[PDB]
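Just one chain follows, in the form solved without Pramocaine (PX9), and it is written as structure tokens.
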């Protein structure tokens, strides 16, 4: 319901390849509280499909091991919005990207936007990017976030951010 930035004219062709989850924030602490939390997922690659859908390749900590996971995100009539059925979420919104440095996105469940919102700052390179983090924090300033995590370069490079 709260209007945020959205990526007008998002071209997914241009988001393919490596990304690193630099920062994360969520409305409900439980979404991101513990390595085991349901929305603690680390984006490792984005893969647009021939049909214009988007595969999201993730790492996620489960039962003492770092697991590879893949979310299938279905295109919609809005370039920046995708439909999913994963992590108890049903939408992905791309807030902003410059393709070659950073990409900001949120996930939510349309049924319970207040209890399901989780957003990330992705960067292309495994460094703490000042521009990207500032843009992330600005983009979220009106959102009801109660947990925020920011990662260091060693964590960006390591499996499951260890």
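Think of the rigid core as the biggest set of C-alphas that the two forms share within 1.5 Å after superposition. Numbering follows the first chain given and starts at 1. Only residues modelled in both forms are compared.
Separately, the form deposited with Pramocaine (PX9) bound exists; it is not shown, and the next lines address it.
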query	finding
Residue (of 119, 31, 132, 56) lying close to Pramocaine (PX9) in the entry with it bound, criterion heavy atoms within 4.5 Å	56
4.5 Å heavy atom contact, residue 62 and Pramocaine (PX9) in the entry with it bound	yes
Close approach of residue 86 to Pramocaine (PX9) in the entry with it bound, 4.5 Å, heavy atom	no
Any non-hydrogen atom of residue 103 within 4.5 angstroms of Pramocaine (PX9) in the entry with it bound	yes
Any non-hydrogen atom of residue 124 within 4.5 angstroms of Pramocaine (PX9) in the entry with it bound	no
Site check 41, 69 and 107: each within 4.5 Å of Pramocaine (PX9) in the entry with it bound by heavy atom	yes
In the entry with it bound, residues of 74 to 96 near Pramocaine (PX9) [heavy atom within 4.5 Å]	84, 92, 94
Flag for residue 86, CA shift 2 Å or larger between this form and the one not shown after aligning core	yes
Regions of at least 3 residues displaced between this form and the one not shown by 2 angstroms or more (CA, core superposed)	1 to 5, 85 to 89
